[PDB]
Engineer: 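Following this message is one structure expressed as structure tokens.
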Amino acid sequence: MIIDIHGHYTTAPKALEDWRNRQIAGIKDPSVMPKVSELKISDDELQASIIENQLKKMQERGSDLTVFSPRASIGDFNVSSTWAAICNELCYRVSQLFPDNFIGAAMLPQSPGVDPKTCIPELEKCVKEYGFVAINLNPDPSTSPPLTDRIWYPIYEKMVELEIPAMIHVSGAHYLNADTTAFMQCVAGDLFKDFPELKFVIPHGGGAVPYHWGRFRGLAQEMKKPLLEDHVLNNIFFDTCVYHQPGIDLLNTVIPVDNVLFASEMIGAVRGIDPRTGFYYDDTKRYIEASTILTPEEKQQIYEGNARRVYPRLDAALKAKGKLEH
Amino acid sequence: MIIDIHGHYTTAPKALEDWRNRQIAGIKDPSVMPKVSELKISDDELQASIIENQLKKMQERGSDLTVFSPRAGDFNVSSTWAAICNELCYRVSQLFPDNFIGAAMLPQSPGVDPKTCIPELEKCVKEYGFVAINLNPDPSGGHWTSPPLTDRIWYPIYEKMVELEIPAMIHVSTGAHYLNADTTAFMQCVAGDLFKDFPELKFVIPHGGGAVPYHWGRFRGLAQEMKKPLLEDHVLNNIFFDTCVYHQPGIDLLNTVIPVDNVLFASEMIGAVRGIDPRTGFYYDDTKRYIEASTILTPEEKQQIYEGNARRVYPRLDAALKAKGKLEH
Ligand SMILES: [Zn+2]
Ligand SMILES: [Zn+2]
């Protein structure tokens, strides 16, 4: 099967965004602050948003399952907490309506300078009650402390406990910078010495990392660290959200197959068609299929094998599903 | 010949760093404020620092000329520090005129109008014979509290740049902040339309453009979303990338998606990465090796990357080279 580990619910009924606008307006004008019970979205509206969009494209592109999370894009913790709760529950409802095609990843109620421990309640709820298989961890909710700082340790302890990886994800290309920064911080520190089980997924093919792989190998060398293969590659993985063959080829040239996870982040940032290839920039499965560097077996690793090892909760959910249908 | 457009004077005598620390401690404690006359750096110390390091490596690696610039409070402080650092690079160029040509460091400072950098800029170009400047897009240092390169606040500098025919290398002062700055600078230009007002303006984005080439599809797609013209016309007549990409696969990608006209040789030696790749036995930053080993570039295209493009992007450098060969036949 084909598993897309990076996708956001960008097609939600307008009622969701309307509620958000009321909430945001309520920050400066508490008189217009909305109540959670005021948000009403029916299953019919939910089903329509999926069938006409994500589901349709997955069928046309040959994707079977997407790890589905709330879209990225300030108030205090109260605002963030309420908003994350709403967004996660909607992704959960989508997974219930289309259990074979969507499984959730959680948005955390982070807030600038607020202790990450405040996000544990939502994290646990999503994993235990909604069956989510990973979390989206924002390294810079805004100066934000590096991922190697102990402020993040309570989240890491929970991630190891529940066996869930974290996609480093910030909220026109700022996200590419965050990917590179996250990787650099890990190379500079020794986080995985403290949490050997910890797994991070850095999107967009690792930001600029593969393109500057020699620089990072050289930096680890000067800092007297072990080779990257051992220092970070048993803990850091990259998704395939690279929108052109040359980039995908570079990715598969310098990054081990074990560290590459299929993803496309469809109906997101880039929704146009590349006039030179004739197909959509984000139809990334085509770049993997077209690859002459990867063997058939390695492509299957990228499509499913790797995600099932990096996301233990996902592997368990898939094994249980086939057992019930049998 | 082979021209390296990216290199910093990273081998200066300790006297420089010591003076700097004193100046920094002076902003808070005026009693420890050092005087410029207190900085002692002799010609012999400069020669030794170059002969044993940059010059030696250039010879071993087969590089001929490096565009040499200073290593990565208020205006008075920055003005003094910049003047000191630029003068040192100038002194190096006087001591080794065939191997080093200066690139100016501007005395930028947060909250200070960039136009105040013109004096030092003109001095370096007219008096020191510098051929370019290093423009810091975020003088605040990671704050990003500074306006985008497309903002009117920078025009005064662009005016002087177009007038004096000098390009600017987008360069910032965390372990990989420079890579992020490169990508951001490119994105800002794509999002805006600075070159509409400055058709002749030229920016050089180091480190192979940060992450731009690796995500070329994404940028072409974003250009489409924003209804902008094709990148080739929208920015590639004004933006160029250097070859400070420390591995063959990266260089090959650069040469797969970026036109040869937009690629300029550079290695930024004796800088961030000074080690040897155990899998090849060669230094990571010996970038000429990647260009030479390229099976994508033709002999002519390689020469374009080694000297042709730099002489086109750096008009003052091209002129100085012609004068040198003429006045001396
Ligand atoms: Zn995303
Ligand atoms: Zn530099």
Side-chain angles (χ1 to χ4, degrees), chain A residues 212 214-215 218, chain B residues 1-13 16 46-72 82 85-106 124 128-136 166-173 178-179 181-182 203-209 240-246 251 263-275 282-291 305-307 309-311 313-314 316-317 320-321:
Chain A
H212 289 289
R215 186 178 297 269
Chain B
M1 65 183 291
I2 295 73
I3 303 175
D4 186 340
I5 64 159
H6 196 173
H8 301 297
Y9 186 31
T10 58
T11 46
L16 184 60
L46 289 176
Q47 291 183 297
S49 71
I50 297 297
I51 295 174
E52 301 165 47
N53 295 295
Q54 285 80 6
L55 191 59
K56 180 171 175 295
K57 295 193 176 304
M58 288 173 54
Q59 302 171 301
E60 304 172 320
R61 303 179 175 195
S63 196
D64 298 297
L65 176 67
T66 298
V67 175
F68 221 44
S69 59
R71 284 185 283 187
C85 292
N86 291 320
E87 187 181 301
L88 291 175
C89 283
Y90 170 61
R91 292 179 61 196
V92 167
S93 64
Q94 287 184 271
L95 266 36
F96 304 100
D98 304 322
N99 307 92
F100 301 95
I101 177 65
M105 177 201 137
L106 301 181
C124 287
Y128 296 157
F130 281 21
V131 297
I133 62 174
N134 288 330
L135 213 200
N136 194 327
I166 58 174
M169 181 178 274
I170 311 300
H171 189 293
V172 293
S173 302
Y178 49 93
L179 293 180
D182 300 327
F203 289 161
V204 171
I205 298 180
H207 318 102
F240 302 82
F241 296 155
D242 77 15
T243 63
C244 290
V245 179
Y246 301 164
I251 287 289
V263 181
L264 285 68
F265 180 71
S267 74
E268 197 173 3
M269 61 163 47
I270 319 181
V273 187
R274 308 180 185 186
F282 311 127
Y283 289 77
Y284 290 105
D285 69 10
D286 191 351
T287 54
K288 179 181 182 178
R289 287 182 177 280
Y290 311 131
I291 299 300
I305 291 167
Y306 292 143
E307 156 186 30
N309 296 328
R311 299 188 66 155
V313 179
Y314 297 62
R316 299 191 82 77
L317 177 59
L321 288 172

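Letters A, B, ... are given to chains in the order of the sequence lines, protein chains preceding strands, and every chain is numbered from 1. Because only heavy atoms are used, hydrogens play no part in the values below, and waters and symmetry mates are left out as well, while side chains stay in.
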Engineer: Does the B:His207 side chain pair with the main chain of A:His212, one donor and one acceptor, at a distance under 3.5 Å?
Structural biologist: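 No: the side chain of B:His207 does not pair with the backbone of A:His212.
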Engineer: Testing the basics here: between B:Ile5 and B:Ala310, what is the closest heavy-atom pair and its distance to 0.1 Å?
Structural biologist: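 Smallest interatomic distance, heavy atoms only, reads CG2-CB, 3.9 Å.
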Engineer: Could you grab the distance from atom CE of B:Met1 to atom CD of B:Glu307, nearest 0.5 Å is fine?
Structural biologist: 6.0 Å
Engineer: Quick check against the 3.5 Å criterion: does B:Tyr290 have a side-chain atom that pairs as donor or acceptor with the backbone of B:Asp285?
Structural biologist: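 No; zero donor-acceptor contacts below 3.5 Å.
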Engineer: Whether the B:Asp4 and B:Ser63 side chains hold a donor-acceptor pair (N or O, under 3.5 Å, no angle test) is what I'd like checked.
Structural biologist: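 No, no side-chain donor-acceptor pair sits under 3.5 Å.
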Engineer: Sub-3.5 Å donor-acceptor pair from the side chain of B:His8 to the main-chain atoms of B:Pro70, do we have one?
Structural biologist: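 The answer is yes, because a donor-acceptor pair under 3.5 Å joins these two groups.
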Engineer: Tell me whether B:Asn99 contacts the main-chain N or O of B:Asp64 through its side chain, where contact means a donor paired with an acceptor under 3.5 Å.
Structural biologist: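 A pair under 3.5 Å: yes.
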Engineer: Find the distance between CD (B:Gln47) and CD (B:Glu52) and round it off to the nearest 0.5 Å.
Structural biologist: 11.0 Å
Engineer: Under a 3.5 Å distance rule, please check whether B:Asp242 uses its side chain to pair with a backbone N or O of B:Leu264 as donor and acceptor.
Structural biologist: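 No; zero donor-acceptor contacts below 3.5 Å.
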Engineer: Sub-3.5 Å donor-acceptor pair from the side chain of B:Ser69 to the main-chain atoms of B:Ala104, do we have one?
Structural biologist: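 Such a contact is absent between B:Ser69 side chain and B:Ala104 backbone.
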Engineer: Tell me if a side-chain donor or acceptor on B:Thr287 pairs with a main-chain N or O of B:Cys244 at a distance below 3.5 Å.
Structural biologist: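 No; judged by distance alone, with no hydrogens or angles, the pair does not exist.
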Engineer: Just by modelled atom types, is the B:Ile270 backbone N or O under 3.5 Å from a matching donor or acceptor in the B:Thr10 side chain?
Structural biologist: yes
Engineer: Find the distance between CG (B:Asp286) and NZ (B:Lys57) and round it off to the nearest 0.5 Å.
Structural biologist: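 If I round to the nearest 0.5 Å, the distance is 9.5 Å.
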Engineer: Keeping B:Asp182 on the side-chain end and B:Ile205 on the backbone end, is there a donor-acceptor pair under 3.5 Å?
Structural biologist: no
Engineer: Which heavy atom of B:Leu106 sits nearest a heavy atom of B:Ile133, and at what distance?
Structural biologist: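 So the minimum-distance heavy-atom pair works out to CD1-CD1, 4.0 Å.
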Engineer: For atom OH of B:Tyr283, is the number of surrounding heavy atoms from other residues, nucleotides or ligands below 6.0 Å larger than 12?
Structural biologist: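 Result for OH/B:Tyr283: open.
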Engineer: Scan B:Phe130, B:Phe100, B:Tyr128 and name whichever one has a side-chain contact (heavy atoms from CB on, under 4.5 Å) with B:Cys89.
Structural biologist: B:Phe130
Engineer: Once rounded to the nearest 0.5 Å, what's the spacing between atom OH of B:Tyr314 and atom CD1 of B:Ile3?
Structural biologist: 9.5 Å
Engineer: So which heavy atom on B:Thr11 is nearest to which on B:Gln54, and how close?
Structural biologist: OG1-OE1, 2.9 Å
Engineer: Look at the side chain of B:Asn309 and the backbone N and O of B:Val263, then say whether any donor-acceptor pair between them is shorter than 3.5 Å.
Structural biologist: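 Flag set: sc B:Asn309 to bb B:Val263 pair under 3.5 Å.
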Engineer: Quick one: is the NZ or CZ of B:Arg91 closer than 6.0 Å to the six-membered ring centre of B:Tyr9, and within 45° of its axis?
Structural biologist: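 No, B:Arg91 and B:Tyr9 do not form such a contact.
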Engineer: Taking the side chain as C-beta and beyond, is there a heavy-atom pair between B:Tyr284 and A:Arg215 under 4.5 Å?
Structural biologist: no
Engineer: Looking only at heavy atoms, what is the nearest atom pair of B:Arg61 and B:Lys288, with distance?
Structural biologist: O-CD, 3.3 Å
